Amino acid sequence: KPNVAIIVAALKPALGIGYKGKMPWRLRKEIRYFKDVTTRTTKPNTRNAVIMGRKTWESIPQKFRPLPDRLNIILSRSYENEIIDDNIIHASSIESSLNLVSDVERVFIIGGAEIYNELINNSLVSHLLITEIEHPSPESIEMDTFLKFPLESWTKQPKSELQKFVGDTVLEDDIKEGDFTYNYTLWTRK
């Protein structure tokens, strides 16, 4: 079984990720980081998979779906475990989707809230790619959906380990867009 990882961007310290079905920020560089990391592979003729909840899939703009160069896995409790096309798979669970995929190097859980909060405690998930976002006044930002992540049982890895994981991908420190400041982090289980 290939390595599964959670990729998310959240605002400290309450780890908020959204407000009424949409993200409370537009971080141009973070968006680019998300695309490169979930797309790049190390071995030839392989591709990564992106697993998401049905609601997240529907929120993605028509021309951006499915996410290009990646296998899109959409999760719903009403779906049968079946391959829709070359890039789209419907599944009722992550373990069921892993049995249908082929030539998949890395798997990335990309949201949303219900998906994160109920897969963070799944043994299949071994890595957390959290983009920690800081703001002068976090409470000033409208938020209603948060992450229920027990980071207590996780360990913040050194930047060098994240660099190894992302390869030649540029990792900048304290990226400042507007009033937001963020960093890319890698987490592993205790």
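Just count from 1 along the sequence shown to find any residue number. Between two forms, the rigid core is defined as the largest C-alpha subset superposing within 1.5 Å.
Between 117 to 125 and 61 to 69, the larger root mean square Cα shift in 5 other deposited structures of this protein, once each structure is superposed on the rigid core, falls on 61 to 69. Relative to one another, 49 to 57 and 142 to 150 have unequal mean CA B-factors, and 142 to 150 is the one with the higher figure. Among the modelled residues of its chain, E114 has a C-alpha B-factor that falls in the lowest third according to the deposited record. Sort the chain's modelled residues by C-alpha temperature factor and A9 lands in the lowest third, per the entry. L162: CA B factor in the highest third of modelled residues in this chain (values from the PDB entry). The PDB entry assigns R26 a C-alpha temperature factor belonging to the highest third of its chain's modelled residues. The PDB entry assigns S102 a C-alpha temperature factor belonging to the highest third of its chain's modelled residues.
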